[PDB]
Amino acid sequence: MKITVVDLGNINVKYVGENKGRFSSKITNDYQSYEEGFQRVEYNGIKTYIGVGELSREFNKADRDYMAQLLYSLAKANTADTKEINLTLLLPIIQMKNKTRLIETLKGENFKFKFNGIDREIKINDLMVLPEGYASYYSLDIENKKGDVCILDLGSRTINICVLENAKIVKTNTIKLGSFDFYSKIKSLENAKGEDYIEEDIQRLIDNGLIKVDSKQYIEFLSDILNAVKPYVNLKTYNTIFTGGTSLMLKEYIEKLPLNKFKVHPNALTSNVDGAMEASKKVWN
Amino acid sequence: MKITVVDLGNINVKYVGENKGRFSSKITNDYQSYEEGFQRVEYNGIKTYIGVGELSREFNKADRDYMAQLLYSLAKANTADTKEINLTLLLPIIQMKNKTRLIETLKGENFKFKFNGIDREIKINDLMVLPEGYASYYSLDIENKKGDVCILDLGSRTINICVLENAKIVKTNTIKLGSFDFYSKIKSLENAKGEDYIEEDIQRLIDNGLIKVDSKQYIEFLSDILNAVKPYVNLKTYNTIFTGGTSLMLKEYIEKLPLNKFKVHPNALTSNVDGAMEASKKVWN
Amino acid sequence: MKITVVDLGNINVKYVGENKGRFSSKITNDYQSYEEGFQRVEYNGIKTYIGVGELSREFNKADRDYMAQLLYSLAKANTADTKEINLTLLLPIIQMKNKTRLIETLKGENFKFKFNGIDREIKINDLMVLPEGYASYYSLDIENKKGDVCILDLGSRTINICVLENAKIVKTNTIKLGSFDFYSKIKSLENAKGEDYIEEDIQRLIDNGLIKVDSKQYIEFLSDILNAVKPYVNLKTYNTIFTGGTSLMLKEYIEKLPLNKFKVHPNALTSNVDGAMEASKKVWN
Amino acid sequence: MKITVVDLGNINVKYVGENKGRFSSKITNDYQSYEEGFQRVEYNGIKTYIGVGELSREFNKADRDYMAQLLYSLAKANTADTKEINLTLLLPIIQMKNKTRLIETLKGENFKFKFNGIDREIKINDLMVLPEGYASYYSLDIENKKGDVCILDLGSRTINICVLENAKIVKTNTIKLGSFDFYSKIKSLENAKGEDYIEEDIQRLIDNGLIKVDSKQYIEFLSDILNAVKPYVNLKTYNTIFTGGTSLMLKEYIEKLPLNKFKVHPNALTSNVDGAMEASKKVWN
Amino acid sequence: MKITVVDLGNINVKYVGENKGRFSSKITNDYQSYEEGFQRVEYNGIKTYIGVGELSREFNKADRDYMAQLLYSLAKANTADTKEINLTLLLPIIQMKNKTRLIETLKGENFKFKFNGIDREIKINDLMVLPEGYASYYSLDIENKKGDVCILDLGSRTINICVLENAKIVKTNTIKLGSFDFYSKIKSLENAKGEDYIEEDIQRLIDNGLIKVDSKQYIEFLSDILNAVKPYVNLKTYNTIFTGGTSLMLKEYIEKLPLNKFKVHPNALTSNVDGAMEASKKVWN
Ligand SMILES: Nc1nc2c(ncn2[C@@H]2O[C@H](COP(=O)(O)OP(=O)(O)OP(=O)(O)O)[C@@H](O)[C@H]2O)c(=O)[nH]1
Ligand SMILES: Nc1nc2c(ncn2[C@@H]2O[C@H](COP(=O)(O)OP(=O)(O)OP(=O)(O)O)[C@@H](O)[C@H]2O)c(=O)[nH]1
Ligand SMILES: Nc1nc2c(ncn2[C@@H]2O[C@H](COP(=O)(O)OP(=O)(O)OP(=O)(O)O)[C@@H](O)[C@H]2O)c(=O)[nH]1
Ligand SMILES: Nc1nc2c(ncn2[C@@H]2O[C@H](COP(=O)(O)OP(=O)(O)OP(=O)(O)O)[C@@H](O)[C@H]2O)c(=O)[nH]1
Ligand SMILES: Nc1nc2c(ncn2[C@@H]2O[C@H](COP(=O)(O)OP(=O)(O)OP(=O)(O)O)[C@@H](O)[C@H]2O)c(=O)[nH]1
């Protein structure tokens, strides 16, 4: 029957199915008087509002109340008439060792919710769990997988690397660095200029032209990440597919790099689960 | 059919419809011999005179006989020939959790009154309830909502803050501080000068030139409110729309602030329900 | 030395000391030819007759010539041989902010009077001022103050509520409703039956059987007061002590209520200053 | 010279010095007519009454007018003859990052107050700030710190965990769960039974026998907290010291647990600052 | 001038100089609110806390942020008044091919740090790099180096073997086996007994008597390591010096072996850099 794919992401939860899209992993459970003015869900004795509050930073999100965001994203991907669906969840690569913990709350059960009053329940056909970032592989045709590839997801705080040969994997790694670190570095001196910004509001300010982050600072970040990744891979080799939002930060200068074969694929942020959807096709079809 | 908007306000009830305007939330039910000389309404076994008496200070006005002022304002907004009307009531933000209590007396019923002898009854088409101060949002065009905004209502005893991103809310808060507190502070030493004034008569005395409240005291109040609001928002960010009467107190020096983008919108006191009227247009139209 | 307690009440002045009792707060200063036939006092350039005239309704009785009734009650509580006495006056709860005004005429002075010719003067040992209705607390033993309590004085036009935990207060409030309002409601249709009664003569007529106020109307008043008081207190909780004359109106059906723990204490009308006398014992002894 | 310790707590402020004790963090600043009947303090342009009003729930109490309760507790711990004192304040663990904000109002200054009229001022010798819950450590002798320990404070809405090896810390964490949540869960169905209770009055009702919360519900809460805490610690390991009021809720069944080494220490609620006092001894002595 | 020796070890960093000692290689860079309660260093844009967090297991520690622990150990070995020092670093034997990478960050430069606020900088006189485990050689006198020797370091996950003839080396090898593997084997069935232990906490539990690892299991590990090492060396020949912490695990039964000449030297864990210090004496003196 019908299938959906869900990416829990590093800062944004995201979904594809009969309904497709994304939203921030942002969450709150604090004081309230105007519930109607916020996206909200109450279930399992927990009340939450979605897309606002605190973003959190603790490792292994699977252990700190991910459930509300997960079910909210499921409701988004689904329509009110959905009977039952298959599940292809995704986790940050180095974290899938926690899948069993997820299996505690997830494996082949049925779930109830309210989410503003739509408030129905649904069972899941089956369960698969995959690495975040990696799935990009299956969105690719043989157009470039005819040669060796490197899926490279520039996640908010991380870079997720998996180098693959014919049909198969060759190596994997994670580096704890990301555009959030760049925002922190920028604020280390921009806040010092009599301001009260944060790593969360910053991007909107670069968008509106209120702030003038220098062009060469993005280049500094690019060089830093390249230096970090050198010991494992040759970027010139292993044609690299950039994915994630940070690739959307840096496309304009990634394109300027002297590398041999590479690209920032369209919807690079959602390319991983474009590939996960192709992998789902492979699984069922 | 036709619609009206009503703001219960902090010190003044106010209305817009086929008739528009405002008046103080002031009320009495005390001894009387010249009923004809006072605005008055008798209903539900309660006799009241409007715009005079005691202003009251208790929290949750919804529980201390708001009904007379509400129906009086309805009669003002309506004309004697009105058949039936839709309702868009407003409450102080942190107070809409009491809407259910309001729903006890209000939801889709018909109401009778006397009010000096016009003395007819009317049914209401439907019910919506909204936050006071917030509705300003919908009076704005994309002229400045293209960027992030902050509705900022300097209510008599409070400041009501709601920061909004595209089409949507980002955060909300209230601070229990207002021009009434400034009047109390001024009287803490001005009354001490062998006088018997109050926070109610004071503004008329500054108007007539009888009193000489220093210019820098308004600046002190501005700095106090700015210090109070800092922990949640950056004023330079989130282009701020000042609303409420206190904005009318301080316009002349608000305009002098070093902030980047901001304004005290025309009819700032009634701008919130200018926006509520735009929101009503959005609802029905 | 010896002490007295005085309750100014809502309709009746009242006293306890070497002489104890009560009488209406009724007063006149109008035309006269048979002074000997009326209780009377002339002092401070004011001539008054006690227990007859006009009852008055204005708020803050402390500002409209309470003095004659006060001194008359003092004379009642005292004997002609009294040298000097301590004072424990009482005010309606929300009104003790006017104590300073009372201190203008009262604090530690000596007073002269005539009152039909007894006509002596007396000084007062000291001054304390307490809330009317509340003092009931100290008449109670630990017999029921071992648990949480609620002093509930059903005064002529009001209900005075104070909820107390161990030895201490928890909350307080007033509601402007009373048996006078019930009498007004009854006369709203009973006078309409070609009669000229008032809220003052009515109770005598129910006493003599001339009038047949329905039983269920007292129940309607009970339900109205219960609905009014709900937002602040749980009647089932906070064992309630009914006090005041209206409790004497309603005892027969108060006893029928489904509440858990409660009572209409003996001399409920004077129970408050039974407790004030116990509090005086606590003060001096 | 002399030193004092103050715990701001989650629901109760508390103090030890020449005077020792505790009281609720409850506070009000609302309407008043009988100031003498309430604990009260007026300073810095703010009037407050202590131990009554609203308990508040917002995070980072350091930003919402904690000052009145703090100074009130200082006055309690001190005597009218106190010259100057050292300060060892405490904050909820995850919150001490706000100490700088506290340093804005506190570091080595002198403070004035009224508090019913005692109304003097005092300077502070020095400043230290410590984690709430943790300080229990220093009340322990080597009697059980010879082995690894776990300070475990079951605070009103939280559980505060710090696991310590020889003389030192090993790990720390907070879980947003507490007896307040249990009271909310109990009221989720007990209020539904035609009652108007809250999480605040409930404990008094279990105390008086009016309510019959089932024994197994406390066990359910115990199991829930144990499940929550498992991912970080082994309870059988790291001999656990239960602290806080909730430990006083659950002692009777905590003692029944199958764990190896543990205890609910005497005055578990105040054991943390018993240890903070021992730590003060260590600091100065 | 003065010299220091540093062992990066397998689980513990360690140092000798004007200050001597050791500590775990344990490290974290995660969320924080009580910096003062943890050993910490912030430099080169990286914030870390020492002796707690994650121990890590990846090969070639030189590539995964060893810098914080290294500089922390330098600060330990040095005093606040140190001007400049010589450097004799050590690496796991098979890893010194990475010395050039170390030379990228280390060779004859000056370094800055904060480490809780001491926060000074220092230059290094010169650079030497040596094998971990081997240096034990130079702590020995001719007391037993008159004959052939075998330095044998039973490191946490490894055994490091170097067989030496007169003044010189004869052969070298590493075996990937260690007491960490023994702890993993023990937990393979001890955790299975309804417990949540790890290879890190285990040794403390054997220390406190909570756990009863059988005596013969240490013998099994001894036999396994002996079988592993046989193909290269004769233990009876090449008088063996046991070094490292695991030798401290097994001394009591190592002494029982039927071998001809051998010993577990005092401070076997630090004997290697006792010898490295002797080698430094040889170098400069
Ligand atoms: N320009 C632009 N950037 C975006 C947009 N949405 C997200 N981003 C960027 O995404 C970056 C966050 O890091 P990511 O690369 O997305 O990390 P991640 O692992 O993919 O985590 P997720 O965003 O949840 O998928 C930030 O720098 C954002 O600016 C967008 O709509 N436009
Ligand atoms: N100058 C001037 N000030 C006004 C007028 N009407 C009201 N105000 C001011 O309004 C202030 C009261 O505080 P507000 O900002 O109005 O508080 P609010 O929440 O908006 O409550 P409402 O007045 O009922 O809408 C007082 O300081 C008044 O002086 C006016 O016609 N002229
Ligand atoms: N049955 C009866 N009722 C009385 C008597 N004296 C006073 N009352 C009642 O007292 C009621 C007046 O309201 P109260 O409850 O006394 O109000 P209050 O605040 O106590 O004012 P005071 O009467 O002055 O103490 C009236 O309904 C009277 O009928 C009495 O002797 N017998
Ligand atoms: N039985 C009993 N319980 C108490 C008493 N005082 C407080 N409590 C309990 O304390 C609990 C509140 O949670 P706490 O564990 O105290 O949370 P906290 O972090 O310590 O906050 P504080 O109470 O201010 O110290 C409630 O369940 C109360 O019932 C008491 O005197 N007797
Ligand atoms: N009994 C005891 N054992 C210790 C002590 N310190 C470390 N150890 C042991 O050291 C062992 C770790 O393996 P090692 O032999 O030290 O491996 P390594 O290559 O020397 O790595 P380092 O410990 O960092 O020097 C563990 O089994 C620990 O129990 C100690 O103070 N007492």
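Its PDB header attributes the entry to cryo-EM and lists the resolution as 6.5 Å.

Going by what the PDB entry lists, chain A is known as ParM/StbA family protein and is assigned to Clostridium botulinum. This structure appears in the PDB under the title "A Cbc-ParM filament with GTP or GDPPi".

Peer 1: Which parts of the structure should I look at to understand the domain arrangement of chain A?
Peer 2: The figure often quoted for interface size is the accessible area lost as the parts come together. Residue and element names in this part refer to chain A. Here chain A is partitioned into domain 1 (2-133 + 274-284) and domain 2 (134-273). For domain 1 versus domain 2, the separation of C-alpha centres amounts to 25 Å. Counting from both sides, the interface comprises 19 residues of domain 1 and, opposite them, 20 residues of domain 2. Of the roughly 1,700 Å² buried between domain 1 and domain 2, counting both surfaces, carbon and sulfur atoms make up 58%. Sorting the residues of domain 1 by area buried against domain 2 places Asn10, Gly133 and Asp274 first, and these three jointly supply 36% of that buried surface. Across the contact surface, domain 1 and domain 2 share 0 salt bridges. Counting only elements with at least two residues in the side of domain 1 that touches domain 2, the list comes to β1 (3-7), β2 (12-16) and α9 (268-284). Broken down by element, the residue count for the side of domain 1 that touches domain 2 peaks at 7 residues, all from α9. Looking at side-chain class alone, the side of domain 1 that touches domain 2 contains 10 nonpolar, 3 polar and 6 charged residues.

Peer 1: When you look at the interface of chain D and chain C in this model, what are you seeing that I'm missing?
Peer 2: Taken together, the contact pairs 12 residues of chain D with 17 residues of chain C. With both chains or domains summed, chain D and chain C bury close to 1,100 Å², and 54% of this area falls on carbon and sulfur atoms. Across the chain D-chain C interface, the total number found is 0 salt bridges. Inspection of the chain D/chain C interface yields 3 residue pairs in polar contact. A breakdown of the residues in the side of chain D that touches chain C according to their chemical character gives 7 nonpolar, 2 polar and 3 charged.

Peer 1: I would appreciate a short explanation of the interface of chain E and chain D in the present structure.
Peer 2: Taken together, the contact pairs 13 residues of chain E with 17 residues of chain D. Of the roughly 1,100 Å² buried between chain E and chain D, counting both surfaces, carbon and sulfur atoms make up 53%. On the chain E side of the interface with chain D, the three residues burying the most area are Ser33, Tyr34 and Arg204 of chain E, jointly 41% of the side's total. The tally of links from chain E across to chain D stands at 0 salt bridges. Where chain E meets chain D, there are 4 residue pairs in polar contact. In terms of residue class, the side of chain E that touches chain D is built from 7 nonpolar, 2 polar and 4 charged.

Peer 1: What is the right way to read the site of ligand 3 from this model?
Peer 2: Residues and elements named next belong to chain C. Taken together, 17 residues form the shell around ligand 3, and within it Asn12, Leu154, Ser156, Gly245 and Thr246 come nearest. Within the side chain of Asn10, an N or O atom sits 2.7 Å from an oxygen atom of ligand 3. For ligand 3, the protein covers 78% of the area, taking 640 Å² as the surface of the free molecule. Secondary-structure elements contributing two or more residues to the shell around ligand 3 are α5 (179-190) and α8 (245-254). The greatest single-element share of the shell around ligand 3, amounting to 4 residues, is contributed by α8. Taken together, the residues of the shell around ligand 3 sort by class into 6 nonpolar, 9 polar and 2 charged. A domain split of the shell around ligand 3 shows at least three residues from each of domain 1 (2-133 + 274-284) and domain 2 (134-273).

Definitions and cut-offs
Residues numbered from 1 in each chain as written, not as in the entry; some residues may be left out. Chains lettered and ligands numbered in written order. Heavy atoms only, no water. Domains from an automatic or database assignment. Contact = heavy atoms within 4.5 Å. Buried area = accessible area lost by both parts, 1.4 Å probe. Salt bridge = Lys/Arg side-chain N within 4 Å of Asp/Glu carboxyl O. Helix = DSSP H or I, 4+ residues; strand = E, 2+ residues; numbered from the N terminus. Nonpolar A, V, L, I, M, F, W, Y, C, P; charged D, E, K, R; others polar. Polar contact = N/O pair within 3.5 Å; in protein donor to acceptor, adjacent residues only side chain to side chain. Near = heavy atom within 4 Å. Areas by Shrake-Rupley, 256 points an atom, 1.4 Å probe, with all protein chains shown as cover.

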